[PDB]
Every structure is written in C-alpha cells, then in structure tokens.
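Peer 1: PDB entry and its sequence, pasted below:
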Amino acid sequence: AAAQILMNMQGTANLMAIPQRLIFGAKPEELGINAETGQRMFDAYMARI
Amino acid sequence: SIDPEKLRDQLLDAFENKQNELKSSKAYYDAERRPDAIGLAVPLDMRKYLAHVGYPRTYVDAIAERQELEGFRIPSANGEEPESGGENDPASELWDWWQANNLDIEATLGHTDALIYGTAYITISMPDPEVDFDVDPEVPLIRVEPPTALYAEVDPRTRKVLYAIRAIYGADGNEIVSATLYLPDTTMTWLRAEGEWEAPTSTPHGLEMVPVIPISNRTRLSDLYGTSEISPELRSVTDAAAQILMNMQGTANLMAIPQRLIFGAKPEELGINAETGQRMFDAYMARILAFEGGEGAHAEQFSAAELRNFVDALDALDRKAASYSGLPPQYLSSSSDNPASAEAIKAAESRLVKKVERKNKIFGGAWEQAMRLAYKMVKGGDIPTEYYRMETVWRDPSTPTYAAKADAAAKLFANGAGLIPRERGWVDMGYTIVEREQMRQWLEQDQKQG
Amino acid sequence: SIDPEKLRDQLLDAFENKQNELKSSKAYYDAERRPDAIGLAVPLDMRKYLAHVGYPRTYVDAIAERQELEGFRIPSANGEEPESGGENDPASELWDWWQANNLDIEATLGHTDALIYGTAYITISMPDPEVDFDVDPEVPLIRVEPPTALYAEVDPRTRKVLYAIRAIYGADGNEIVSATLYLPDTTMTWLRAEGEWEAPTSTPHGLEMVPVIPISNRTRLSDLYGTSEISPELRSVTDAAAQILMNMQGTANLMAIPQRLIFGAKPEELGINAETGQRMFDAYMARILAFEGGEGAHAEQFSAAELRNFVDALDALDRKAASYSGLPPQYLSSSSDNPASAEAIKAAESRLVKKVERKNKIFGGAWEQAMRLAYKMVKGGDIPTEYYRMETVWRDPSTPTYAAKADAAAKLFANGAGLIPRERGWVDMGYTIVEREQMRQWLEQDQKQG
C-alpha cells in the first residue's frame, strides 16, 4: 500500500505539481507561432510584461 | 590439475566482466549522473543542471566510521590463567603484526569498500625485502585489496577460495601493467600483461589454503558473496529525492515570479519597436503606467508556482530515508527536536549502534580467519588449537558518555569494597586492551607511594 | 639509467596536466565565478551580480581546524622506559624535529590544501648552510608542499612514489623560475628556469626511497590517488543555492513591489507631456489624484512577487547542506534548536567529531612515514624495528566541556583511593603529552615540599 502512494506522489511531482497556463481567444497566427513547429520562444527574464 | 595460463585468462575474463556490477554501486556512493535521477519536468536545455543527494554516502560513512578494532582475545592456555599477559602472549603477538602493517589505517578504508561493493580481500604474504624496502622484514605482510583489483572463485560447498587473481592498470588507456594468480600451494606473477606477457615470477607456499581471505558483507545464509549495503530501498529513495530536487530547482528558475500580461492593446499603440518586438519599460518604484482603452483592455497575471509544494514533499522523503537506513533522526536533518540527555542519546542511536555491532561480528570472522592464516605462514608449523577459538575485540560503537560512565563505575567499585574487581571497571570505562596493559605500570608506580 | 633532463621536461608536462583538474575544485573553496551558479531568471546585465555560497569554505574549515597533532608513541623494547623516560627517548627525538620545523603551523595548513585539492606532500631534506637559514643545522629540514607546486608519480603495484618534481613559478610572471626533481638515488635541482635554463645542482642521499611522501584524502581503497573532500554531492547543493539566492536578488530589485496601471484616458487627456512620455505626479502622502476618466476608465496593479517563495527553497537547501556535510545543524544556521546541555553538545557534534577522527588516522599514517624517512636520513643506519610500530597521537576533536570531565575525573581518582592511576586521570582530563611530562615536575615540587 505505501509503495503505491509513494509512486503516485513521485509521479505527481514530475507532471502535476506545477500550475498549467492557458490563453483563450488568441489566434496562433496573431501570436506568431512558427506553424511548422507549433512554438515561439518566450524570453522569461524577471518582469517582462 | 589445471593449466595456470588458462586460469590466468579465465579468471581475468571473470574479473573483467564482474566490474560492471560494481560501477552501478560506485555511482551511488559518489554522485555520478545516474539516468533515473533526472527530474522530468525540467526542459531539455536545462537537464544538464544535475541535483545530487547525500543519502548513500551518509549511510555508508555512518556505519563504517563507528568500527574500530581494539585487539585480539585468544582464550587461556593449560591451567586456564586469567591472562598469559606480558610473557609475549598470542594476543600481543597478533596485535604486533596488526600495528606493524598499519592495518588500523588499511582496514578502516577497506571496510568502506566491503560496504559499497559487498566484498574486499585480505591478502596474507611473506615479506620480500628485495622488492619492498620499507617494512619490518620479520613480519608477515597483510594487505587489503578492493574488489576493483582482486577477484576470487569461492567453493559454494566448503566456502574456501578455490583460486584468485589480482590485476592492475599502469596507464590512462587502462591497459593491464601486471597480474598475479593465487593458487592453493603457490603464487605466480606476470610482470607485464594484456599482450606482450612477461615470464611468470613464481613462489611456492606451505599452506593447503589459497592466501586470500574475503571480507564479505553477508546479511543472510545463502547470499554468500555478500551485497552492497546501499540497498534497493535506499537507492529508490535517493533517486526519487533527486528528481524532486531537479523539478524544484527548475521551478525556481521559471515560475517563482508571477508572469504579468496585458490583453486588448495594439503593440504599435504601446510603441513596440516592430524589429525587436520590445519596448523599454521604465522600471523604478512607484511609476504608474498609462494606457489607452484599446479593445476595452485589461491587465492580468499568471500566478507563481508555490515552491514550498515541493518542500513539503522533500520533508517526507527525508523521513523515509531515515526509516530505511536506521540513522539517528538528526543525521538526515529530519527533526526540530535533538537529544537533551544521555538516555535520549542512547535511545536515538539504538538502531545504528546495533547495525554496527552486527557488522563487527561479520567482519570479525574474516579477521580471525586472516590471522590464523598469517600464523601458518610465518610460524610455519600447524596452528595451536586455542587460535581456532580467538575473538576480535572492537570498540563500543556508541557515542561516549564519560561523565555518566564515571559516576557509575566509581560508585560500583567504591574504593575496592564494592560490587566489582578493579579492572572490570577499567573495561566498563572502555579503556582498550593496550590502555589496560599500560595502566598496570602506572598503578604499580602509584603503589610505590604512601 | 633514465635521462634526468628528459624526466624533468616529462614531469613538468605531467604537473601542468594536473593543474587543469585542480582549477575546478579551487573554484569552490575560493568561490570564483562558476558557469552553473548564474541565476537563470536574472536579465543579461544583472547577471554581473554574482551570489557566492560558502558551504565548501565552511565544511573544509570545520574539519581542518579540529585536527591537531600532539605527539608520537613508539612502543619500546620492554624495560624501564615503556613509552618515555622524559628526555633522550624516541618520542622526544621526533617531537624535537616537529617543533624545530614549526610543523604545528605548516601542517595545519597542509591538511587544508590536502582536503581542498585531495592530496599534498611532505618533502624531507638535510638543510644546506650555503642555501638555507634560520633552522637548526643538525635537524632534518621538513617541508609540506601543495599539489599546485609539486607532483609525484606512484608505482601502482607497490603503492610507493617512483619520482616527483617541485615546480616553482615566478609569481605574477606565470613561468617556472626553478624546478627540483626527486629520485630514489638523489635529489637534483635546476636553480634558474627564466632567462637561460641553468645546469643542475645534484645532491645524493643514502635512502632506497624517494624523499617525498603524499598525504592523501583517500576515503576508500579504490581511490588509488587522493580525492577532494568537497564532494560532487556538496558541489551540487552549493551551486543550486547560488541560483536560488541570485533569483531572489533579481526579484528584490524588479518585483518585490506592485506595478501600478491606469487603463482609462489617452496620455494627452491625462496631461502627459507627449515628447518625454512623463508627468511629475507630486506625490506627498495624503493627496488624491482626480481624472476625467472617459470611456469607463479604471486603475489596477500587477502583484508584488512573494519573496518568501524563495526563502522556503533556501531553508530546504540549508537542511540538505547540513545533512550531506554532517556539520552540526547550527553551523549552517539551519535551525534554532541551540544545544543547551552538557551531553546534547556531544550529540550535535557527534558526526563531525567522528569524521575528524578518521581524517586524523588517514593523515597520521603519512606523518609516521615522514618520520621514518627523516630518521633513516639523519642517522644513516636502518631504523630500529619499533619505528615500524610507531603511532601518531592527536588532540581530541570534541569541544572541551572541561567542567563535565573535571567532576568525573575527580570522582574516579578519589584522592588516590579510587579506580584509576593518577596518570590516567591526566590523560582522560585531556592534557597533551608535553603537558603530562611537564606536570610531573610540579608534582615532585609539591611532594618535596610536603
């Protein structure tokens, strides 16, 4: 029983212990997604609005 | 009979495949990049920032650190005297060879090799003054070899070694620079190896017995080769804790800060330079930003991640790692409380001290078996039967509590009138075999006075 | 046999190759800038503000400062001097040379470099009155040298040094000013290596051994050459802490305060100067700003980032650095549970104290051999066999607790009617071998007066 709880808890930290961030209404083309890859590079540093 | 040049190659291939198991245990005691430790949430360009964890090293140290040998006890000869002391007793003879070889250094290393890898090898050999020019030439050379250098076939029936090989590498390419075979009645060494072999430098010996004795970390009958002490439970808790550190560190680099956003604003109204996609916000405190209404615009932020939502999981894995190892709770920093009193200390390490008292017996068996062999080497004849009954004497592996030992022992002895003979009090105080053999003189030098 | 001019060039190449490794572990104890320490969330200019973390400095200091040698034991051929007579005995003979060379100063540093880089060397010489001064001409000149200035190759089979080179740089000139090559048959030195490379001064010596011996931090028999005490395990947490600390230090400049916004009127209607994009909000404390507020205007703010999200992660990493190093929990400031009891101190010290006793043994094994070489060099004959049985005596690394030992010792001795001889009372009370042999004189003065 404790083996199962430990394994779920460990897996949760790999997948689910982090908030997941969504944007609605935004057209992928207006956000400038590179359409053959599906990504664009968010430069993350400090307070960039 | 068996071909010794066949045995050379056959055992060398047996050893060289065996080393691959040992690398999987080395990789916990010193922190290599284990593949299972990588925290999966960290993005691929940050996966190089490895988190390392000290549980396996801490556990192997805390056991092998407490162990120390005081001396050898051989039971009394004809008429059964209390000790044969001062008259070159077999206890002081075996302890002389132990001192003269610095085995008080080489054993405390070699026991860690026996814990990490599950085995270590005691080689017993005649001095060769024409080859090693800085040892006492009267004393048998006893030296400890790690399982990354010596290998032995053990007979599963009698548990004697059948034969054993030793090999070593002399170059950065790790080509063998020499190899040595130990056989029931001889040893052979090839002075160069792995192609271009030299002639076998040879030596017969008087024994029926192969001159290598294995220390092995046994924990059951069967299991006879012994095991790493870094058990599968502690391995899995080490790897699980490493993963959670990587995801927690990679969280701090990405999500400890709330990501600020604006919706409904045309970037060209905000004055974004279209080439860079950027505008230089003026950053100083208490600036108020002004915006035009745009679409009917508004601001919003993604939250930070709560970093402590990993920390209140690591605070579980420390308590697991404590319970699966039996360290005192404070060694893995798993308590706000700490031992206030002598009895709280004696209770808190009650697991670890018995783990160590168990290891003292299991390695004691190998050190007796080594010294009985060293006697047959140097004294040449068959062994006198009291040696089959010898015992290693180890330190008390607990933390010393001298004030609570002293006002107990003094109260038992009560100036000779009390419950114990004088020199039982000396061994309750933990004075070693040598310390007690010395105090007979100082006591006599005080007994001259009045 | 071997070309000495060749061997000098060859060993300078081998010596420089070692510095490429040592530059990586130096950088943790000196806390130079490291690639892994930079806080990734901090912008490309603010990455100048490094955040050096002191765990390696702390952990090596807290070992190297506990260590102290206090004498030598040489178990005599049995007689009226079992260990000493008080003058003209082997124990005094070595302690004279230890004092005359100030090795109490030098070897305290030598252990530090040996823990940082993983090894350091003892070089033993006769003094030359044509070259060296302020040393007693009849004692052997003993120096300890770090691996940043000396390299020694080991025969892997015998585990003894084959040859070694001391390489001295011209300080800021970044060039070798002199080099000295030690052989089993001789030393040899090329007194200048800047401008023209000068001819060698040889000096023969009577030993079979080469006159250098390594101190090594060898934790385990498989570590055939010494290894740094600043383990990969502790390096990872040192660098991980620096990232968290630097991400906090960036956040405390940009993000610790809310950012205020207004979404209503156009800049010209807000009275903003159109050229500069600013107005002087005359913000003395009580004043109310008023706005015409067209098209359903509103004001709002992005939150401050909660800096305690990073503090929770620094507290977690401090609990880890305590657990890996085995320092007392107070030395990391990791928890406030100050051990306010005589026995609770022994508990909190227990793992650091015991670790230091193992470093004392492993370095004591080298300091024995340095004195065996020094005696063999000075007296010329092969050494009396009791020097192969020598033992270094080290000061107890536990914090004094003088009053707890004091009551205990007096309770045991009981004005001479007690359990132990007076002399053992002094040993357990922790006075050094020099204090013991000095204190005997005052006891004779007191008894002679009555």
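Peer 2: On my side now, so go ahead. Numbering: from 1, shown residues only, chains lettered A, B, ... in the order given.

Peer 1: what residues does chain A put near chain B?
Peer 2: Within chain A, the positions lying close to chain B (Cβ under 8 Å from any Cβ of the partner chain) are A:6, A:9-10, A:13-15, A:17-19, A:21, A:44, A:46-49. The way it works is simple: take the backbone N, C-alpha and C, and place the C-beta from them, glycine included.

Peer 1: near chain C, list only the ones from these.
Peer 2: Near chain C, judged by Cβ under 8 Å from any Cβ, the entries from the residues of chain A next to chain B are A:44, A:46, A:47, A:49.

Peer 1: identify the farthest-apart pair in these.
Peer 2: Using Cβ to Cβ, the two most remote members of those are A:44 and A:49, lying 12.6 Å apart.

Peer 1: show me where chain A has its helices.
Peer 2: Shown for chain A, the helices assigned by DSSP state H span residues A:2-15.

Peer 1: find the residue at the geometric middle of it.
Peer 2: Note on chain A: the residue nearest the mean C-alpha position is residue A:20, at 5.2 Å, using Cα atoms, centre = their mean.

Peer 1: relative to chain C, how far out is that one?
Peer 2: In this view, residue A:20 and chain C are 18 Å apart by Cβ to the nearest Cβ, to the nearest Å.

Peer 1: who are the contact partners of that residue?
Peer 2: By Cβ atoms under 8 Å, 6 or more residues apart in numbering or on different chains, residue A:20 lies in contact with nothing.

Peer 1: ok, now residue A:39?
Peer 2: Counting by Cβ under 8 Å, 6+ apart, residue A:39 touches residue A:33.

Peer 1: next: residue A:31.
Peer 2: Contacts of residue A:31 (Cβ under 8 Å, 6+ apart): A:23, A:40.

Peer 1: what's the spacing between it and chain C?
Peer 2: Taken as Cβ to the nearest Cβ, the span from residue A:31 to chain C is 21 Å.

Peer 1: now do residue A:21
Peer 2: Remark: distance between residue A:21 and chain C (Cβ to the nearest Cβ) = 16 Å.

Peer 1: what's the burial count for that residue?
Peer 2: 10 (other Cβ atoms under 10 Å in any protein chain shown).

Peer 1: apart from its neighbours in sequence, what residue is nearest it?
Peer 2: Spatial nearest neighbour of residue A:21, chain neighbours left out: residue B:302 (4.9 Å); criterion: Cβ to Cβ, 6 or more residues apart in numbering or on different chains.

Peer 1: quick check: beta-bridge partners of the one you found?
Peer 2: Here residue B:302 sits in beta bridges with residue B:259, going by DSSP bridges.

Peer 1: returning to what we had before: of the ones next to chain C among the residues of chain A next to chain B, buried ones?
Peer 2: Buried by 16 or more other Cβ atoms under 10 Å in any protein chain shown: A:46, A:47, out of those.

Peer 1: which among the ones next to chain C among the residues of chain A next to chain B gets closest to chain B?
Peer 2: For these, the minimum distance to chain B (Cβ to the nearest Cβ) is 4.5 Å, reached by residue A:49.

Peer 1: quick one: contacts for the closest one?
Peer 2: Residues near residue A:49 by Cβ under 8 Å, 6+ apart: B:260, B:261, B:262, B:281, C:259, C:302.

Peer 1: so which of these is the closest to chain A?
Peer 2: Chain A has its nearest neighbour among the contacts of residue A:49 in residue B:260, at 4.5 Å by Cβ to the nearest Cβ.

Peer 1: pull the contacting residues for residue A:17.
Peer 2: Shown in contact with residue A:17 (Cβ under 8 Å, 6+ apart): B:41, B:247, B:309, B:310, B:313.

Peer 1: run a quick neighbour tally on residue A:33.
Peer 2: The number of residues near residue A:33, taken as other Cβ under 10 Å, comes to 14.

Peer 1: that one contacts residue A:41, doesn't it?
Peer 2: No: counting by Cβ atoms under 8 Å, residue A:41 is not a contact partner of residue A:33; they are 10.9 Å apart.

Peer 1: any common contacting residues for those two?
Peer 2: Listed as contacting both residue A:33 and residue A:41 by Cβ under 8 Å, 6+ apart is no residue at all.

Peer 1: doesn't residue A:28 make contact with residue A:34?
Peer 2: No: taking Cβ under 8 Å as the definition, residue A:34 is not a contact partner of residue A:28, at 9.8 Å.
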